[PDB]
Structure formats: C-alpha cells, structure tokens
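# Partial complex follows, first chain(s) only, in situ:
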Amino acid sequence: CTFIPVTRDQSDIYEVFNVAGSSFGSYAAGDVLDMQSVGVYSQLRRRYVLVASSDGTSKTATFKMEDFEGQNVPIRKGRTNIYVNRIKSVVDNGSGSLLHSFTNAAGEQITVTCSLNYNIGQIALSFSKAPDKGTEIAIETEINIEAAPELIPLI
C-alpha cells in the first residue's frame, strides 16, 4: 500500500496527453503519441504497397494518391522509385517517364514502363507480359510540400 494524506471528502487528479492535431499519414485526429508510438508523420519520403499479390494475368496497374491519402498530393520530380519483390530500380526520368526491367522466374525478360503526373500524383504501369502469380509491387515517392503549403501536421 501507499500512504497519502486525506483531509476532505473529494480529491481531484489531472493529467495531460499528447495528441496528433492533424489527421495525416498513419495517425488520425485525436490519437495519442507516446513512447511506443510508431507511424509516418512529418516525414515527406514515404512508400506504399500497390499490389499485395499478383493474379498472374494482369498487364496494367495504376497508383493514385487519392487512395492512400485523402486528396491529390503533388510529387517532387526525379525522386520516385519502383520496388519489385523488394528490389528497387533507378529513379524516374525528369520529364515524365521511368524505365525498368526484371528477370522472370523461368528466366525470361520483362520490361516495365511508367507514366507520371506530378500535379495529382498519378502513376500508370504497363507490363510487356503478365508477371508470375506471387509478385508484389511497391512505390517510393516524396511529397512536394513546397507546392502545397498546407497539410503540415500539428500537435
């Protein structure tokens, strides 16, 4: 037991919590931040998983910021990468394009072409042939905070 003085019938105790002010990234409004809190916040370079598992018959895949984020977000130029089976490629071309090629499991060669739209953060992918059944695609980009002065997180 612990001993504390008692002089009146009621006694009050107060405490303060840290709260994520803005609903952005992993966190939402009202969430508590503490020692064990893990998530993306105040960081511009982020990565998203596009396809968890391929169907083996699709030749196209589209990535829009409207899905993993609330609204359209501008993207900085020349700072994007493509992950295939957790293997990264070179950065995209400056203007609008990206070229990448990877070896099939059976040993064939597959080429991937990408078209980018920086204003709204839309990227379209096309394959020479459908990949294997078990394959995942990930995309790494960074947010152009300069173009959109808002969306800055708060506490």
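Done, it's in. Numbers count the residues shown, from 1 in each chain, chains lettered A, B, ... in the order given.
# Off-centre distance for stretch A:5-18?
43 Å (C-alpha atoms, centre = their mean, to the nearest Å).
# Just the CA trace of that stretch, in PDB.
Below are the C-alpha coordinates for stretch A:5-18, written out as PDB (Å, rounded to 0.1, in the frame of the first residue of the first chain):
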ATOM      1  CA  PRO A   5      -3.000  12.400   3.400                       C
ATOM      2  CA  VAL A   6      -6.800  12.700   3.400                       C
ATOM      3  CA  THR A   7      -8.400  15.900   4.700                       C
ATOM      4  CA  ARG A   8     -11.600  16.300   2.600                       C
ATOM      5  CA  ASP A   9     -14.200  14.000   1.100                       C
ATOM      6  CA  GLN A  10     -13.100  14.500  -2.500                       C
ATOM      7  CA  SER A  11      -9.700  14.900  -4.200                       C
ATOM      8  CA  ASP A  12      -9.000  15.600  -7.900                       C
ATOM      9  CA  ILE A  13      -6.100  14.400 -10.100                       C
ATOM     10  CA  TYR A  14      -5.300  15.700 -13.600                       C
ATOM     11  CA  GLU A  15      -3.000  14.700 -16.400                       C
ATOM     12  CA  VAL A  16      -2.100  15.900 -20.000                       C
ATOM     13  CA  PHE A  17      -1.800  13.800 -23.100                       C
ATOM     14  CA  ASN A  18       0.000  14.400 -26.400                       C
END
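# and residue A:12, how far is that from residue A:2?
Counting by C-beta to C-beta, to the nearest Å, the gap between residue A:12 and residue A:2 amounts to 18 Å. C-beta here means a position set from N, CA and C on the backbone, and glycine is covered the same way.
# correction: residue A:35
Taken as C-beta to C-beta, the span from residue A:35 to residue A:2 is 24 Å.
# Extend the structure above with chain B:
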Amino acid sequence: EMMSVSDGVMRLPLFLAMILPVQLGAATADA
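Let me add chain B to what's already shown:
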C-alpha cells in the same frame, strides 16, 4: 436535506496533484 444530519452539507473538492506527459525516445543509432 436538513443540515442537522449528515449528507445535508455541501462538499468542497480538493486539488491533489497534476501529471505531465512522460519523455519519449529511442536508441537505434548503432547500425
């Protein structure tokens, strides 16, 4: 109701203590 018997007197809350958020940190700089 009447102040003669108990429960008929108002009570004054007392401020006891205040708690502040704890320190945050991590140690992953070795690698």
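# Pull up the pairing partners for the one helix or strand residue A:141 maps to, direction included.
For residue A:141, the host element (DSSP states H and E) is strand A:137-142. Strand A:137-142 pairs in its sheet with strand A:45-51 (antiparallel), strand A:81-84 (antiparallel), by DSSP bridges.
# burial of the residue in chain B that chain A sits nearest to, as a residue count?
Residue of chain B nearest chain A, by C-beta to the nearest C-beta: residue B:19 (3.6 Å). Using other C-beta atoms under 10 Å in any protein chain shown, residue B:19 has 10 other residues around it.
# Any residues of chain B in contact with chain A? List them.
B:11-25 (C-beta under 8 Å from any C-beta of the partner chain).
# In strands only, show me those.
Counting by DSSP state E, the residues of chain B next to chain A place B:14-19 in strands.
# Over to residue A:65: give its phi and psi.
phi -70, psi -20 (degrees, to the nearest 10).
# Next: residue A:66.
The phi/psi pair for residue A:66 (degrees, to the nearest 10) is phi -70, psi -20.
# I figured it hits residue A:72, correct?
Yes. Using C-beta atoms under 8 Å, residue A:66 is in contact with residue A:72, at 6.4 Å.
# Kindly indicate the member of the residues of chain B next to chain A with the most neighbours.
residue B:16 (14 neighbours).
# In this structure that one contacts residue A:7, no?
No. Look at residue B:16 against residue A:7 with C-beta under 8 Å: they stay out of range, at 10.3 Å.
# one step back: which non-adjacent residue is nearest the residue of chain B closest to chain A?
residue A:15 (3.6 Å; C-beta to C-beta, 6 or more residues apart in numbering or on different chains).
# can you slot in chain C too:
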Amino acid sequence: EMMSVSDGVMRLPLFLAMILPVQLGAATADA
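Placing chain C onto the earlier chains gives this:
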C-alpha cells in the same frame, strides 16, 4: 524558377570515393 528559395539551381555532383578490386590468393601449399 527563382533563386531565393534554393530549388531552381541546377546542382552539381561530387566525386566522393574511388573503389579498386581486392587482391586474390589461396593457401594450398601445405600439402
């Protein structure tokens, strides 16, 4: 395309370091 905010610059790379192949050898002369 303005010089004040420091993004429109063309930027220049740096050399950093050079890497050369390591030596080759084996220890089979005991037998």
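# mind listing what's buried in the strand holding residue A:141?
Residues of strand A:137-142 classed as buried by neighbour count (16 or more other C-beta atoms under 10 Å in any protein chain shown): A:137-139, A:141.
# Now distance to residue A:81 too, for those residues, in a markdown table please.
What follows is the buried residues of strand A:137-142, written out as a markdown table (distance: C-beta to C-beta, whole Å):
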| residue | distance to residue A:81 |
| --- | --- |
| A:137 | 12 |
| A:138 | 9 |
| A:139 | 8 |
| A:141 | 8 |
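# Among these, which one lies nearest to chain B?
For the buried residues of strand A:137-142, the nearest to chain B is residue A:138 (22.0 Å; C-beta to the nearest C-beta).
# What sits closest to the closest one if chain neighbours are left out?
That would be residue A:83: by C-beta to C-beta, 6+ apart, it lies 3.7 Å from residue A:138.
# need the contact list for that neighbour.
Contacts for residue A:83 (C-beta atoms under 8 Å, 6 or more residues apart in numbering or on different chains) come out as A:47, A:89, A:137-140.
# quick one: it from chain B, how far?
Per C-beta to the nearest C-beta, to the nearest Å, residue A:83 is found 21 Å from chain B.
# same check, this time on residue A:70
From residue A:70 to chain B the distance is 27 Å (C-beta to the nearest C-beta).
# For that residue, the count of nearby residues, please.
Residue A:70: 11 neighbours (other C-beta under 10 Å).
# what does residue A:112 give?
Residue A:112 has 19 nearby residues by other C-beta under 10 Å.
# So it sits against residue A:126, correct?
Yes. With contact defined as C-beta under 8 Å, residue A:112 reaches residue A:126; the gap is 7.3 Å.
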